[PDB]
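Just below is one structure, and these are the notes that go with it.
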Amino acid sequence: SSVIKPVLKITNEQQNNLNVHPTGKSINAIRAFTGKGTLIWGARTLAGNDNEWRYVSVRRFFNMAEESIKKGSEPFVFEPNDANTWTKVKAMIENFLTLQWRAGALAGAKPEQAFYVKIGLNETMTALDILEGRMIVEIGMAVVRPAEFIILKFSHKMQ
Amino acid sequence: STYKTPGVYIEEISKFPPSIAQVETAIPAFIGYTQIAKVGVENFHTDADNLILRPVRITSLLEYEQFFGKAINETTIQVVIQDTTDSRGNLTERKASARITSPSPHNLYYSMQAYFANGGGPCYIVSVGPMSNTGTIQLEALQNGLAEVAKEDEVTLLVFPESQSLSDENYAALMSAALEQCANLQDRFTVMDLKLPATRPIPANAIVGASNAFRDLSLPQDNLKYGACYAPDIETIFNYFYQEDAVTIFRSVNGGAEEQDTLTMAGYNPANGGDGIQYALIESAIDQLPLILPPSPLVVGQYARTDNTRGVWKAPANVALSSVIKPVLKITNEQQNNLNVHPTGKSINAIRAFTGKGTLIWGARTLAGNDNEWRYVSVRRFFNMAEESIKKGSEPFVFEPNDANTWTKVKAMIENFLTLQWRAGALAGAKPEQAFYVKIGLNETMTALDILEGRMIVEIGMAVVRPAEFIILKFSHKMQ
Amino acid sequence: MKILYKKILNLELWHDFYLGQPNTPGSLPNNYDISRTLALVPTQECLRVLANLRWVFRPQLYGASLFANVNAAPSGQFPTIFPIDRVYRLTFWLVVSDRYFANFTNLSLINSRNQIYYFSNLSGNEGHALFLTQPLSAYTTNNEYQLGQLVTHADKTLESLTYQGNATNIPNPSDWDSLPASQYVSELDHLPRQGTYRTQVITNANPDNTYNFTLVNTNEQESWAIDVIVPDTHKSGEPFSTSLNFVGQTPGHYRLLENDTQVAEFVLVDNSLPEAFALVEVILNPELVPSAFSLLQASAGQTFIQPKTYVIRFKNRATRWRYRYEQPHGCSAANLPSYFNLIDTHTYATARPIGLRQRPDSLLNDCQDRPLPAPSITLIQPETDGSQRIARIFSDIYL
């Protein structure tokens with residue numbers, strides 16, 4: 001909004017080199033389209049060859065989720081390092097991830113296929129870790145990724 | 001083609017429309033020569049010998065084209081240009097037509113088109129060597145393919161598209177091996193194509209000779225209930241692959257002699273400085289040549305289509321074929337009388353055209369047509385399905401105590417399955433008491449010796465429904 | 001329709017927490033059971049392959065078993081319904097049910113959450129059984145052993161009791177125990193586990209070249225390959241990282257190569273069962289498994305079954321027992337069991353480690369001649385060294 005026009009015009013052939021490059025550094029464009037105004041065109045990070053961190057939205061979502069998990073699992077500092085605390089922590093994390101799944105952020109047919117949480121002696125921890133006072137939690141998540149390219153094919157119908 | 005800028009890309013191609021479907025009880029295996037056979041990072045045809053013989057699971061034509069690619073091109077297409085001129089030699093009219101004198105025996109890529117056009121689903125491909133221009137098809141390689149397909153459980157049907165080029169002895173040997181495998185596993189069925197004369201054009205009423213040649217083949221009489229046969233071959237709308245420098249040109253003026261020209265089709269290409277006005281006619285003529293295929297690829301697709309709307313116990317007959325122009329031969333009722341019933345029991349199901357209805361499958365009998373129990377295809381296929389399900393249900397009790405409690409549980413499972421089959425209309429009877437029975441026990445099928453050995457014997461009886469083939473109308477003048 | 005089945009495989013799992021150390025191992029007792037501590041679970045590929053081969057899986061009170069579908073010949077040999085003459089691969093998850101398992105099982109106490117165990121029939125080790133573990137190393141001179149290591153020497157198996165930076169020519173009897181000859185699980189089976197995405201680093205990245213990466217499984221079949229092109233603005237000689245994706249492979253042991261060179265070796269995982277403990281692999285290949293371990297003979301155009309029994313075994317942990325008090329006990333260095341050590345007026349501990357068992361045969365007596373309760377399996381107290389090494393492990397009993 002409140003825009004007249006961009007200072008330069010970018011073509012598709014230049015966009016090919018802006019969007020994909022062997023060094024992974026990517027440049028998102030702002031282009032004008034007839035009748036639609038000026039629009040943002042491109043949603044990649046500076047690590048565009050990374051299979052995990054290619055897109056902006058995935059990284060921002062991960063940041064949000066880990067921040068919420070940290071804030072949720074802060075109150076247990078200086079609590080007994082035993083099975084009961086582990087149960088409570090796992091419950092909190094799973095409830096948060098379930099709320100995220102049901103809004104359409106995560107893929108999967110049930111919450112069993114969308115995420116998993118591992119915390120315990122036979123999962124991520126040992127006796128040495130109990131003596132040290134360390135708690136280790138492992139969280140896996142499947143996120144949804146966008147479609148960038150649409151290909152149309154035309155033909156003459158047999159008659 | 002690479003795509004690096006987000007957006008919409010536009011491309012122009014010439015293609016046939018695609019078609020897919022989902023089935024489960026009609027899963028066929030196709031054994032034959034391929035063109036590339038490269039799966040994953042492995043080239044199955046890397047060395048001339050020691051080929052990788054492996055069955056691959058595919059679901060669409062698009063995947064077949066990914067692994068095994070398309071068929072090789074032909075080298076026999078001839079085109080005739082027909083000119084008619086006036087009294088002074090002025091051209092008044094010009095036409096063009098095409099013919100093929102001898103087509104290649106490698107037709108596996110076209111059969112998959114015909115299959116997916118008629119329905120179908122998941123199938124298995126067994127690439128028996130690479131396709132060759134010379135056209136040599138060997139029995140031993142097909143036998144190795146059939147030996148390898150024994151290791152797949154999802155397979156219920158066996159198809160040999162490239163077997164009409166074999167000799168009678170090799171053909172009989174292959175068919176006997178297939179029937180023996182089905183007899184051993186007791187969960188499969190084979191479909192065969194009748195061989196017809198290879199002369200041109202077809203002699204009047206040849207079907208009578210072909211059926212006598214067929215019945216003269218030596219096949220095991222105890223395995224005939226596991227297979228079926230169909231005739232004749234079908235014309236279809238699909239096109240041939242070719243090159244412009246292999247197409248031969250002829251001309252004829254005012255109905256005169258047909259003379260061969262000294263140029264190829266490539267010689268008329270405007271990119272080479274030829275006359276494009278006739279090049280267009282050559283293209284449009286080549287485009288119209290029909291493609292000849294055996295019935296089996298289409299028949300198996302129609303099996304998959306009909307078991308999904310009516311059930312496996314319904315006869316797969318009286319249904320119409322798609323992407324078909326016309327059959328190559330016309331069968332009459334008098335010939336059908338000898339094709340359908342014969343003292344030797346070997347029966348031939350027909351494919352016939354009926355005015356206004358298209359071309360339809362006509363006949364639903366097995367190669368054991370005089371057998372009171374195994375006369376029809378649908379009964380045998382249903383029995384195969386039922387016994388397979390019973391086996392799978394009664395497997396978990398292996399190495400369990402051989403006593404009355406296990407017998408009770410097994411009987412309960414079998415009776416529940418048979419009740420579900422009865423209520424859908426597969427079995428006859430007014431209640432489940434008149435439709436089936438199950439016998440397992442000491443006073444039913446077993447003895448103390450069998451308890452000591454560790455054997456369990458179960459007897460299952462079932463009444464199935466059978467079709468009506470003949471309708472008789474009688475007319476009269478009403479009294480008045 | 002006659003269907004004949006015959007046992008074709010025996011898989012057993014041993015634990016000294018229940019068995020102890022027999023003076024010469026034979027079979028298990030008649031009342032053996034781990035059905036509530038360990039479980040074997042087939043994967044999906046395993047299920048469909050067993051279906052294709054017409055074999056049946058069955059859990060047992062000691063492990064599992066496999067049954068093959070055969071034909072009854074007169075010779076007494078049992079051929080399969082068809083010749084199994086290709087290469088096949090069967091995989092199983094090993095899952096733990098009993099909590100506190102890591103306390104009585106003599107495992108490594110070093111933090112490892114990116115590793116997993118692995119067992120196979122390509123390990124030789126055919127001694128008094130068919131062991132699916134790697135052969136134990138030998139006792140040598142001038143090496144470094146951690147507390148807990150099992151080695152072999154002079155027809156016996158040796159356990160380590162303390163840290164030794166340099167060994168002796170002859171075993172020091174105050175650092176090693178003397179058990180009967182058998183093989184167990186050790187750190188030779190702790191392979192790094194990996195998921196779908198990898199970060200691979202090339203050293204001396206040369207823009208004038210390329211690289212072809214490949215993945216090779218136990219059957220020595222290439223399963224995967226891509227290429228990576230270093231850009232032409234990369235100063236030659238620095239490292240270069242790249243991302244790799246193995247999304248379409250089946251879990252198992254693989255070797256990652258780059259241009260005819262092994263770069264890595266790992267067990268690939270798809271997180272179908274993320275909390276699995278170990279992986280077991282069984283192979284059918286007439287070229288890679290020796291004749292003492294194979295399960296199929298080939299003769300007269302057919303295959304015949306040979307039943308076998310494979311064994312895996314876990315050793316129990318050993319700790320020093322420390323008796324602690326609330327009020328002072330009146331026993332002294334002059335009236336306490338010789339095998340004790342008075343720490344202070346409220347505490348005394350054993351002088352050598354004792355092994356954790358469920359029904360410890362005989363208990364220790366007090367200076368006033370009274371049986372003392374055994375420790376519990378809920379807590380263990382390892383003590384780190386100056387160099388952050390494990391030095392001792394106790395079990396506390398509060399009286």
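Going by the structure tokens order, chains are called A, B, ..., each with residues numbered from 1, while ligands are numbered from 1 in the order shown.
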
Contact check, chain A to chain B, at most 6 Å, counting only C-alpha atoms, closest pairs as a tab-separated table:
residue	atom	partner	partner_atom	distance
A:15	CA	B:5	CA	5.7
A:16	CA	B:4	CA	4.9
A:148	CA	B:6	CA	5.1
A:149	CA	B:6	CA	5.3
A:150	CA	B:8	CA	4.8
A:151	CA	B:9	CA	4.7
A:152	CA	B:10	CA	5.0
A:153	CA	B:11	CA	4.8
A:154	CA	B:12	CA	4.9
A:155	CA	B:14	CA	5.7

Write out the residues from the selection above, keeping C-alpha atoms, as a PDB file, in the first residue's frame.
ATOM      1  CA  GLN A  15      14.648 -13.995 -11.305  1.00  0.00           C
ATOM      2  CA  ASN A  16      16.114 -17.405 -12.161  1.00  0.00           C
ATOM      3  CA  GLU A 148       6.281 -22.706  -5.846  1.00  0.00           C
ATOM      4  CA  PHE A 149       5.908 -23.901  -9.449  1.00  0.00           C
ATOM      5  CA  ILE A 150       2.778 -24.544 -11.523  1.00  0.00           C
ATOM      6  CA  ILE A 151       3.083 -26.183 -14.941  1.00  0.00           C
ATOM      7  CA  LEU A 152       0.298 -26.110 -17.534  1.00  0.00           C
ATOM      8  CA  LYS A 153       0.200 -28.323 -20.620  1.00  0.00           C
ATOM      9  CA  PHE A 154      -2.081 -27.738 -23.591  1.00  0.00           C
ATOM     10  CA  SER A 155      -3.247 -29.919 -26.448  1.00  0.00           C
TER      11      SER A 155
END

Using only C-alpha atoms, what table do you get, as JSON lines, when you list each residue of chain B with an atom no more than 7 Å from chain C, its nearest pair of atoms, and their distance in Å rounded to one decimal, rows by chain then rising number?
{"residue": "B:41", "atom": "CA", "partner": "C:224", "partner_atom": "CA", "distance": 6.6}
{"residue": "B:151", "atom": "CA", "partner": "C:52", "partner_atom": "CA", "distance": 5.9}
{"residue": "B:152", "atom": "CA", "partner": "C:52", "partner_atom": "CA", "distance": 5.6}
{"residue": "B:153", "atom": "CA", "partner": "C:52", "partner_atom": "CA", "distance": 5.7}

Can you write out the residues you just picked, keeping C-alpha atoms, as a short mmCIF file (atom, residue, chain, number, x, y, z; two decimals), in the first residue's frame?
data_model
loop_
_atom_site.label_atom_id
_atom_site.label_comp_id
_atom_site.auth_asym_id
_atom_site.auth_seq_id
_atom_site.Cartn_x
_atom_site.Cartn_y
_atom_site.Cartn_z
CA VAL B 41 20.23 -46.39 -9.37
CA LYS B 151 7.48 -64.95 -5.23
CA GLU B 152 4.79 -62.21 -5.28
CA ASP B 153 1.61 -62.64 -3.27
#

* **Contact set, chain A to chain C: 9 Å, only C-alpha atoms, as a list in words** =>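 Result, ordered by chain then number: residues 22, 23, 49, 50, 51, 52, 116, 118, 121, 122, 123, 124, 125, 126, 127, 128, 129 and 131 of chain A.
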
* Selection near residue 117 in chain C, 10 Å with only C-alpha atoms, sequence-local residues under 6 positions removed, as an NGL selection string -> :C and (94 or 185-193 or 267 or 276-280)

Just-selected residues, N, CA, C and O atoms written as a PDB file, in the first residue's frame:
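Resulting contents of again-v2.pdb:
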ATOM      1  N   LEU C  94      14.305 -53.916  18.687  1.00  0.00           N
ATOM      2  CA  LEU C  94      14.398 -54.430  20.044  1.00  0.00           C
ATOM      3  C   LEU C  94      13.993 -53.313  20.988  1.00  0.00           C
ATOM      4  O   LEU C  94      14.643 -52.261  21.014  1.00  0.00           O
ATOM      5  N   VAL C 185      27.631 -58.258  25.397  1.00  0.00           N
ATOM      6  CA  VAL C 185      27.510 -56.975  24.715  1.00  0.00           C
ATOM      7  C   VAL C 185      28.562 -56.023  25.263  1.00  0.00           C
ATOM      8  O   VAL C 185      28.854 -56.020  26.464  1.00  0.00           O
ATOM      9  N   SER C 186      29.139 -55.208  24.387  1.00  0.00           N
ATOM     10  CA  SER C 186      30.147 -54.240  24.789  1.00  0.00           C
ATOM     11  C   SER C 186      30.008 -53.006  23.907  1.00  0.00           C
ATOM     12  O   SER C 186      29.064 -52.885  23.122  1.00  0.00           O
ATOM     13  N   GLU C 187      30.951 -52.087  24.035  1.00  0.00           N
ATOM     14  CA  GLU C 187      30.939 -50.846  23.268  1.00  0.00           C
ATOM     15  C   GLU C 187      31.312 -51.038  21.830  1.00  0.00           C
ATOM     16  O   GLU C 187      31.409 -50.058  21.088  1.00  0.00           O
ATOM     17  N   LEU C 188      31.533 -52.269  21.390  1.00  0.00           N
ATOM     18  CA  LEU C 188      31.827 -52.547  19.995  1.00  0.00           C
ATOM     19  C   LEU C 188      30.573 -52.597  19.137  1.00  0.00           C
ATOM     20  O   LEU C 188      30.673 -52.847  17.933  1.00  0.00           O
ATOM     21  N   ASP C 189      29.401 -52.355  19.725  1.00  0.00           N
ATOM     22  CA  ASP C 189      28.133 -52.428  19.012  1.00  0.00           C
ATOM     23  C   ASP C 189      27.373 -51.112  19.073  1.00  0.00           C
ATOM     24  O   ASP C 189      26.179 -51.074  18.774  1.00  0.00           O
ATOM     25  N   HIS C 190      28.046 -50.030  19.438  1.00  0.00           N
ATOM     26  CA  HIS C 190      27.408 -48.738  19.663  1.00  0.00           C
ATOM     27  C   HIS C 190      27.675 -47.872  18.437  1.00  0.00           C
ATOM     28  O   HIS C 190      28.676 -47.161  18.360  1.00  0.00           O
ATOM     29  N   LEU C 191      26.783 -47.953  17.466  1.00  0.00           N
ATOM     30  CA  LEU C 191      26.924 -47.203  16.231  1.00  0.00           C
ATOM     31  C   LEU C 191      26.101 -45.922  16.271  1.00  0.00           C
ATOM     32  O   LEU C 191      25.056 -45.871  16.922  1.00  0.00           O
ATOM     33  N   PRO C 192      26.546 -44.870  15.586  1.00  0.00           N
ATOM     34  CA  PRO C 192      25.784 -43.613  15.585  1.00  0.00           C
ATOM     35  C   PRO C 192      24.521 -43.731  14.745  1.00  0.00           C
ATOM     36  O   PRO C 192      24.558 -44.210  13.612  1.00  0.00           O
ATOM     37  N   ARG C 193      23.403 -43.277  15.304  1.00  0.00           N
ATOM     38  CA  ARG C 193      22.132 -43.318  14.601  1.00  0.00           C
ATOM     39  C   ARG C 193      21.861 -41.991  13.905  1.00  0.00           C
ATOM     40  O   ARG C 193      22.277 -40.927  14.368  1.00  0.00           O
ATOM     41  N   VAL C 267      23.733 -46.330  11.155  1.00  0.00           N
ATOM     42  CA  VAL C 267      22.427 -46.967  11.074  1.00  0.00           C
ATOM     43  C   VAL C 267      21.398 -45.891  10.756  1.00  0.00           C
ATOM     44  O   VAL C 267      21.243 -44.927  11.513  1.00  0.00           O
ATOM     45  N   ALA C 276      12.840 -47.136  20.090  1.00  0.00           N
ATOM     46  CA  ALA C 276      13.457 -48.453  20.001  1.00  0.00           C
ATOM     47  C   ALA C 276      14.841 -48.445  20.638  1.00  0.00           C
ATOM     48  O   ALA C 276      15.553 -47.438  20.621  1.00  0.00           O
ATOM     49  N   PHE C 277      15.221 -49.590  21.201  1.00  0.00           N
ATOM     50  CA  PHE C 277      16.501 -49.741  21.881  1.00  0.00           C
ATOM     51  C   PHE C 277      17.600 -50.232  20.947  1.00  0.00           C
ATOM     52  O   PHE C 277      18.696 -49.665  20.925  1.00  0.00           O
ATOM     53  N   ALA C 278      17.338 -51.284  20.174  1.00  0.00           N
ATOM     54  CA  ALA C 278      18.362 -51.836  19.300  1.00  0.00           C
ATOM     55  C   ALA C 278      17.742 -52.285  17.987  1.00  0.00           C
ATOM     56  O   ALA C 278      16.523 -52.286  17.817  1.00  0.00           O
ATOM     57  N   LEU C 279      18.604 -52.686  17.055  1.00  0.00           N
ATOM     58  CA  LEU C 279      18.186 -53.216  15.766  1.00  0.00           C
ATOM     59  C   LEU C 279      18.870 -54.552  15.521  1.00  0.00           C
ATOM     60  O   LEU C 279      20.056 -54.711  15.817  1.00  0.00           O
ATOM     61  N   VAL C 280      18.119 -55.512  14.990  1.00  0.00           N
ATOM     62  CA  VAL C 280      18.641 -56.832  14.659  1.00  0.00           C
ATOM     63  C   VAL C 280      18.417 -57.077  13.176  1.00  0.00           C
ATOM     64  O   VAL C 280      17.324 -56.818  12.660  1.00  0.00           O
TER      65      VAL C 280
END

* **Near-range 50-64 of chain B list (6 Å; only C-alpha atoms; drop same-chain fewer than 4 positions) as a ChimeraX atom specification** => /B:44-45,68,121-126

* Residues near residue 39 in chain C, cut-off 10 Å, only C-alpha atoms, skip fewer than 3 positions along chain, as number ranges by chain -> C: 13, 34-36, 59-64, 92-97, 276-277

* Measuring atom to atom with only C-alpha atoms, identify which of B:331, B:460, B:339, B:426 is nearest to residue 354 in chain B. =>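 For residue 354 in chain B, the nearest of the given residues is B:331.
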
* To do: Excluding range 298-300 of chain C and residues on its chain fewer than 5 positions from it, collect all residues at most 12 Å away from it, counting only C-alpha atoms, and give them as a list in words.
  =>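 Within the cut-off, the hits are residues 77, 78, 79, 80, 82, 83, 84, 85, 86, 285, 286, 291, 305 and 306 of chain C.
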
Restricting the output to C-alpha atoms, write the selected residues as a PDB file, in the first residue's frame.
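Result file is result_37.pdb:
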ATOM      1  CA  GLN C  77      15.105 -83.179   4.152  1.00  0.00           C
ATOM      2  CA  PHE C  78      12.534 -80.386   3.989  1.00  0.00           C
ATOM      3  CA  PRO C  79      12.528 -78.208   0.858  1.00  0.00           C
ATOM      4  CA  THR C  80      10.804 -74.873   0.607  1.00  0.00           C
ATOM      5  CA  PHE C  82      10.054 -72.695  -4.059  1.00  0.00           C
ATOM      6  CA  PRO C  83      13.799 -72.151  -4.296  1.00  0.00           C
ATOM      7  CA  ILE C  84      14.881 -69.153  -2.224  1.00  0.00           C
ATOM      8  CA  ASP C  85      18.014 -68.409  -4.244  1.00  0.00           C
ATOM      9  CA  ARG C  86      18.219 -64.599  -4.104  1.00  0.00           C
ATOM     10  CA  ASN C 285      22.977 -64.576   1.098  1.00  0.00           C
ATOM     11  CA  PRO C 286      25.067 -67.651   0.174  1.00  0.00           C
ATOM     12  CA  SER C 291      28.225 -72.056   6.768  1.00  0.00           C
ATOM     13  CA  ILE C 305      15.968 -75.837   5.629  1.00  0.00           C
ATOM     14  CA  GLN C 306      18.538 -76.036   8.429  1.00  0.00           C
TER      15      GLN C 306
END

* Write out as number ranges by chain all residues of range 2-159 of chain A that backbone DSSP assigns to alpha helix (DSSP H). => A: 12-19, 56-72, 83-102, 111-114, 127-132

* Name the residues in contact with residue 386 in chain B at a cut-off of 12 Å, using only C-alpha atoms, excluding same-chain residues fewer than 6 positions from it; report them as an MDAnalysis selection string. => chainID B and resid 25 186:187 312:313 379:380 392:393 414:415 417:418 420:422 426:427 460:462 464
